[PDB]
Q: 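Can you keep this structure in mind? I'll have questions shortly.
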Amino acid sequence: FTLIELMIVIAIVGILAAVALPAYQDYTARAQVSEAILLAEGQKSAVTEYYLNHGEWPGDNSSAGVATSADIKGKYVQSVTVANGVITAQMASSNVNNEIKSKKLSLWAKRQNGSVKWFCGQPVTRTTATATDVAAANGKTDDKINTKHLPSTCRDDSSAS
Ligand SMILES: *[C@@H]1O[C@H](C)[C@@H](NC(C)=O)[C@H](O)[C@H]1NC(C)=O
Ligand SMILES: *OP(=O)(O)OC[C@H](O)CO
């Protein structure tokens, strides 16, 4: 070899050092959102029990049997709220992935004739406790967890049934 080869390998070392990284933030965000998925799944039993014994979805955390929304918190989850049978888990505002800062995801259920289908994904809103349909939460600001920061199994739409 010669000096040109050594300069070329130095340039290649620089290329490798300054190589672009994949969107590992998305995967870390998925891992952190898994915590809120588990926390929202925790309240599924209470919400389902109230719906079965009363015929209408739990309007608030109070009659769902679950604690206050601020109390249902984890390392990366700041709140898990139940609104008309829809379990919405909100991320933390700091010490979390920047992609999922202060973002929410919903875990709602639809009662079929033979089962109670459970759907997980972007935030949804049920108007009344007796309503059998859900709709997207609101535009407002970016409170929706991006679908790339959610598991592929947790990307259900508001129209899913
Ligand atoms: C529990 O959620 C119910 C949906 C609600 N009923 C109505 C008609 O709003 C009820 O008031 C709640 N109970 C408590 C103790 O908050
Ligand atoms: O009522 P909830 O437990 O959803 O908490 C309200 C507060 O503004 C942050 O969640």
Side-chain angles (χ1 to χ4, degrees), residues 22-68 70-161:
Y24 288 143
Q25 59 257 56
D26 297 345
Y27 304 137
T28 299
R30 292 213 187 120
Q32 300 190 337
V33 165
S34 99
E35 174 169 302
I37 288 168
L38 296 164
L39 274 187
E41 174 245 308
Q43 345 289 320
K44 278 177 39 186
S45 32
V47 165
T48 327
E49 178 264 281
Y50 187 85
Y51 174 73
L52 295 192
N53 301 345
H54 286 86
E56 69 201 342
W57 291 105
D60 329 300
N61 298 77
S62 200
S63 34
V66 297
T68 324
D71 287 331
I72 315 180
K73 78 190 118 193
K75 255 178 88 63
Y76 317 104
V77 195
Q78 95 169 280
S79 92
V80 174
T81 172
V82 168
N84 287 333
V86 166
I87 324 181
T88 313
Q90 187 174 32
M91 293 305 125
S93 60
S94 34
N95 270 258
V96 285
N97 204 340
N98 195 71
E99 316 310 338
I100 58 108
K101 272 189 183 323
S102 302
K103 301 260 192 272
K104 338 174 93 152
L105 83 157
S106 277
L107 188 38
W108 71 101
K110 293 254 202 69
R111 163 246 170 249
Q112 315 293 296
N113 270 102
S115 38
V116 182
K117 268 169 99 136
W118 273 101
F119 301 101
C120 162
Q122 317 226 50
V124 306
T125 285
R126 198 174 269 135
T127 34
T128 87
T130 53
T132 172
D133 281 351
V134 295
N138 41 86
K140 196 249 315 179
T141 184
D142 39 6
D143 264 354
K144 269 150 40 67
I145 289 192
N146 211 327
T147 26
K148 57 176 190 170
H149 309 127
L150 269 161
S152 159
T153 61
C154 256
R155 283 173 214 188
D156 298 349
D157 209 34
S158 99
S159 65
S161 72

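Atom set for the values below is all heavy atoms of this structure, side chains included, hydrogens, waters and symmetry mates excluded. Sequential numbering from 1 along the given sequence is applied to the chain's residues.
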Q: How about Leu107 and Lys44: do any of their side-chain heavy atoms sit closer than 4.5 Å?
A: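 Heavy-atom side-chain distance check passes, below 4.5 Å.
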Q: Measuring from atom OH of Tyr27 to atom NZ of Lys148, what distance do you get when rounded to the nearest 0.5 angstrom?
A: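 Here the rounded value is 10.5 Å.
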Q: Does any part of the side chain of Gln122, heavy atoms only, come nearer than 4.5 Å to the side chain of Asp157, both counted from C-beta?
A: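 No, too far: nothing below the 4.5 Å cut-off.
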Q: Once rounded to the nearest 0.5 Å, what's the spacing between atom OG1 of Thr132 and atom CH2 of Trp57?
A: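 These two atoms lie 9.0 Å from each other.
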Q: Taking the side chain as every heavy atom from C-beta outward, state whether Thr125 and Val86 have any pair of such atoms under 4.5 Å apart.
A: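 The answer is no; the side chains never approach within 4.5 Å.
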Q: Tell me whether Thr147 contacts the main-chain N or O of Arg155 through its side chain, where contact means a donor paired with an acceptor under 3.5 Å.
A: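 No; judged by distance alone, with no hydrogens or angles, the pair does not exist.
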Q: Any side-chain heavy atom of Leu52 within less than 4.5 Å of one from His54?
A: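 Contact flag for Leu52/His54 side chains = no.
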Q: Do you know which two heavy atoms are closest between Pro123 and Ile145, and how far apart they sit?
A: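 Residues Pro123 and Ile145, closest heavy atoms: CD-N, 4.5 Å.
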Q: Taking all atoms of both residues into account, what is the closest heavy-atom pair of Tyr76 and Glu35, and its distance?
A: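 So the two residues come closest at N-OE2, 2.8 Å.
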Q: How close do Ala89 and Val80 get, counting heavy atoms only, and between which atoms?
A: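 That would be CB-CG2, 3.8 Å.
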Q: Here's a test for you: under side chain to side chain donor-acceptor pair (under 3.5 Å), which of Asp156, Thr81, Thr88 qualifies with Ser106?
A: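 Exactly one pass, corresponding to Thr88.
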Q: At what distance, to the nearest 0.5 angstrom, does CE of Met91 lie from CG of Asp143?
A: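 Between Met91 CE and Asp143 CG, I get 11.0 Å after rounding to 0.5 Å.
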Q: Answer whether the closest heavy-atom distance between the side chains of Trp118 and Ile87 falls below 4.5 Å.
A: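 The answer is yes, as the side chains (C-beta and beyond) meet within the 4.5 Å cut-off.
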Q: Minimum heavy-atom separation for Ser102 to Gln90, with atom names?
A: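 Shortest heavy-atom separation between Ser102 and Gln90 comes out as O-NE2, 3.9 Å.
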Q: Is there a donor-acceptor pair closer than 3.5 Å between any side-chain N or O of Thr128 and the backbone N or O of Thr130?
A: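 Yes; judged by distance alone, with no hydrogens or angles, the pair exists.
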Q: Is a side-chain N or O of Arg30 found less than 3.5 angstrom from the main chain of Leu150, in a donor-acceptor match?
A: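 Such a contact is found between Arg30 side chain and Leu150 backbone.
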Q: Within this structure, what is the NE2-NZ distance for the pair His149 and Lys103, rounded to the nearest 0.5 Å?
A: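 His149 NE2 to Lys103 NZ: 9.0 Å, rounded to 0.5 Å.
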Q: Considering non-hydrogen atoms only, spot the tightest contact between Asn138 and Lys144 and give its length.
A: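 Distance-wise, the nearest heavy atoms are O-CD, 4.4 Å.
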Q: In Å, rounded to the nearest 0.5 Å, how long is the span from OG of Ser161 to CG of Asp133?
A: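 It is 8.5 Å, given to the nearest 0.5 Å.
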Q: I'd like to check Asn61 versus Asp71 (side-chain heavy atoms, cut-off strictly below 4.5 Å). Are they in contact?
A: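 Side-chain contact under 4.5 Å: no.
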Q: So does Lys140 have more than 12 non-hydrogen atoms from other groups sitting under 6.0 Å from NZ?
A: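 Count over threshold, so yes.
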Q: Could you grab the distance from atom OG of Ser158 to atom CZ of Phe119, nearest 0.5 Å is fine?
A: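 It is 11.0 Å, given to the nearest 0.5 Å.
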Q: Do you know the tightest heavy-atom contact between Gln25 and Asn97?
A: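 Shortest heavy-atom separation between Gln25 and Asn97 comes out as O-ND2, 2.6 Å.
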Q: Is there a side-chain contact between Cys120 and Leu105 in this structure, where contact means two heavy atoms from C-beta onward sitting under 4.5 Å apart?
A: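 A side-chain contact exists here, since the closest heavy-atom pair is under 4.5 Å.
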Q: Are more than 12 heavy atoms from other residues, nucleotides or ligands located less than 6.0 Å from atom CG of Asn95?
A: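 Open.
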